[PDB]
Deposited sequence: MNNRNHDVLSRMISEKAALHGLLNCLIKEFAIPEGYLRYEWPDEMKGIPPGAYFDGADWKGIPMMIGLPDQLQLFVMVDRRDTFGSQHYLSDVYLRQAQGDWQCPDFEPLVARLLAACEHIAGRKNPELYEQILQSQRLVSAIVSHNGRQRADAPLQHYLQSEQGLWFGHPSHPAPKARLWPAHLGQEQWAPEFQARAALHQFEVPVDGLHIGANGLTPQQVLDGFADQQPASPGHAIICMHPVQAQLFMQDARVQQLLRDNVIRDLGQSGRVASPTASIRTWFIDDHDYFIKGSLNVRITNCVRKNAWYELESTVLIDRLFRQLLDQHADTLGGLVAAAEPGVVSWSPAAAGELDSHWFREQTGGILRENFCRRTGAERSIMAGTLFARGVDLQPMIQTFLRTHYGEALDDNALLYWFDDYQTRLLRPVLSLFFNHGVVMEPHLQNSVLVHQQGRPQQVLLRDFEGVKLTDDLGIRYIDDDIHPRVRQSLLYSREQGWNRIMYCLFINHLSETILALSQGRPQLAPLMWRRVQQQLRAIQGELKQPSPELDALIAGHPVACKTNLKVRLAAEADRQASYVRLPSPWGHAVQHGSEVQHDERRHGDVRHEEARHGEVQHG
């Protein structure tokens, strides 16, 4: 419990170092792998461990007379390293090791001068995200370290620390008056979804291979509705919000719509917070929620609600027909979509409604892929309750004995074939831009042995203006078309940050913990894959050649955005 607090700070602190490094120090060149002149204030124990140094000295010149020292376990062009000491800072001066709060005060404080822009909210958010993490750790701190990985839902609920490179991972600014512990996957949160009785004339249903009626069936047991009516459901938090609107009030006071209880299915919220998982239900429920959670506000905007539909119909046309050109793609359907809005409301309203009431079903792929056989990547490669990459002990148990270097490179290599081949085939063959970061990705495994890397999330999916866009069957609202349209370098920036800096960087960092020498080998294995896959592509790919030949990699900046998205340029690992 004090231990708990201290684990949460080390995670939240390392998370923040990751932003600082990747988003400022490496791109703006404030980083040096060198010992300081004076060590006064840094205790031997911080950098010497009896035998040898605790790794490599890392130094940042934060351009305001402030200096930062930290022992890292490796040199890394992406910033992906393990921090093997506390953090120390200077002025004059003498090195010091301030508590977590003043340590955040101060790092942040410097980040602001480097970015010219300040965010007082972000600060209070950082401590919030950290405080939750304590509670989280504290609640789960007695479990087998790797239990998260044993089971799909549990891996959706063992992402104890959130975004590895994010200043406020667990911060969820909804009305504090609605709690926090009861809407957290990480507290094993469960809840019967909030429902509403609405008349069938306002329904907007998008289905693919599914009857309008079957979509409804998916979201809510349609029975309790009187005829001419239907049952939508929402996040219970969304439900309070959505009921705040003068508009809805009116609707309620006029019995145009009935507010049923939290009376829907009992589901568990997923790591994405507003998606819900019912075991052996054919679908997840991906509802909206007007709350900032990490970056954005998790509404399905009205146009996004149309586009899921098209993307699904797209992904099937392709999977059905263009198999070979997809490098092995496995994707979760988003086959059905529902929203409601008063029959006669005029579109500033109609829209507003459909985005409050928006719902999207995702195929519960655990049915195709087996509960105990599929693990959410972000968790696959996360640090468990002891700040130890869970992947290690998971594999050690699946492969009987401890795994030598070459086992680990093999493993890594089966993995990354199956993440790279589909993402990149999708991009260059079709202009379909995916968002394959750690959370948008689920590993399917035959007892350790990677089978598929399932991808999902059509919100994230965009289409390139020269290519991807062409699968758009043109009678599409100009606003919808606008949400899908990525410029091809806009788009390649995403694919780059996602596969490389968010996903594999981290996959690597997880496996090579304790064995940094594995890092560079792994990336070299990456680079061959890059070339072999290219050899296979059926369209040109200059940006790929660029990358293979070691040109710099795009990296989305989480912290800088919140302070002043912006992508910065990080040196290739090769």
{"item": "Unmodelled intervals of the deposited chain, in order", "value": "1-6, 99, 572-577, 588-620"}
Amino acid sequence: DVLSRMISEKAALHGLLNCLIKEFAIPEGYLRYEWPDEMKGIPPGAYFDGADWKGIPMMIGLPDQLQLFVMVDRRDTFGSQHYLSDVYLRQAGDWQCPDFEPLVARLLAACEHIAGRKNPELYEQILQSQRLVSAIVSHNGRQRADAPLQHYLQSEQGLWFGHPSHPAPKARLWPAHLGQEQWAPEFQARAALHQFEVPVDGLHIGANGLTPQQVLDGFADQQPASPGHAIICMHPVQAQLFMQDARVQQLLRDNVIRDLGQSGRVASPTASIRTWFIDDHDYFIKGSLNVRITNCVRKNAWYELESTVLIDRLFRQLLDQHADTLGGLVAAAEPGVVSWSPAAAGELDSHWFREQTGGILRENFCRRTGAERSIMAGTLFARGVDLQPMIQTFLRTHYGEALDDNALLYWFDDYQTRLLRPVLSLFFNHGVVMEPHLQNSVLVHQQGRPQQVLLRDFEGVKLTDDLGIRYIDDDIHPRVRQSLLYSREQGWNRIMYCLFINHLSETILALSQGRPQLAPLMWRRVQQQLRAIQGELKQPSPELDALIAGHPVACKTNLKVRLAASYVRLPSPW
From here on, numbers count along this sequence of modelled residues.
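Think of the rigid core as the biggest set of C-alphas that the two forms share within 1.5 Å after superposition.
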| item | value |
| --- | --- |
| Between 496-504 and 296-304, larger RMS Cα displacement in 5 other deposited structures of this protein after core fit | 296-304 |
| Stretch with larger C-alpha RMS deviation in 5 other deposited structures of this protein, core superposed, 115-123 versus 224-232 | 115-123 |
| Mean Cα B-factor comparison, 121-129 or 375-383, giving the higher one as deposited | 121-129 |
| Entry-level comparison of average CA B-factors, 291-299 and 333-341, reporting the higher stretch | 291-299 |
| Maximum C-alpha temperature factor, selected from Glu112, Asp282, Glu186, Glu355 | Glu112 |
| Candidate residues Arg172, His235, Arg253, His166, the one whose C-alpha B factor the record puts highest | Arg172 |
| Where the record places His445 (Cα B-factor, split into thirds across the chain) | middle |
| Position of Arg247 among the chain's modelled residues by C-alpha B-factor, lowest, middle or highest third | lowest |
| CA B-factor placement of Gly359, once the chain's modelled residues are sorted into thirds | lowest |
| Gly346 - which third its CA temperature factor falls in, relative to the rest of the chain | highest |
| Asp259 by Cα B-factor - lowest, middle or highest third of the modelled chain | lowest |
